[PDB]
Structure formats: structure tokens, C-alpha cells
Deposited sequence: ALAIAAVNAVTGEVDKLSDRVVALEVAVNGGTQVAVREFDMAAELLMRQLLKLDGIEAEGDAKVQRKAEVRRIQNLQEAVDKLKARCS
């Protein structure tokens, strides 16, 4: 069912959301964060987007999750840029 599938993505995006904050905290505290951290986070967010793309829905929460992902992607870009 679509509902379960969207919920599954949400759970994964939650984990990624926590990870993004952790990366921001590391940078804020002056640690040199490897570029792969930002790129892996971006990649995993993209994979979640693909999963949502394939969910035929439920459509409201799906669209909500897409927006959440786009926001996280922007946050990651900003971190990466800050460390470039």
C-alpha cells in the first residue's frame, strides 16, 4: 500500500535529517568534514526522492515528503559550499 511506502520513506528521511544536523554541528564546532559526507547525504536523499517518484498514491504526505527532501538538499548544499 502507498501509505506504508510513504511512511517508510519518511522514516529514512528522518534519519537523514538527523545526520544533516550532525554534519552541521561538526562544521560549527570547527571539524574538517570530508566531502563524501555531504555527497553521500545528498545521494541518499536523492534515492528517497526516487522511491517517492515510484509510489502511485497518500499523495498529500508524499508531496509533503518531497518538499522536506528538497529543503534538506538545500541545507546540504549550503554546508558543502561552506566547507569548500
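In sequence order, the gaps in C-alpha coverage of the deposited chain fall at 1, 59 to 61.
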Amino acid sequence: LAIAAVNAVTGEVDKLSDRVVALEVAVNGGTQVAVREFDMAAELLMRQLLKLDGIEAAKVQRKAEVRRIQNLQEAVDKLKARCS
From here on, numbers count along this sequence of modelled residues.
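Here the stretch with the larger average CA B-factor, out of 66 to 74 and 18 to 26, is 66 to 74. In this entry, 27 to 35 has the higher mean Cα B-factor, the comparison being between 42 to 50 and 27 to 35.
Residue 13 sits in the lowest third of its chain by CA B factor, as recorded in the PDB entry.
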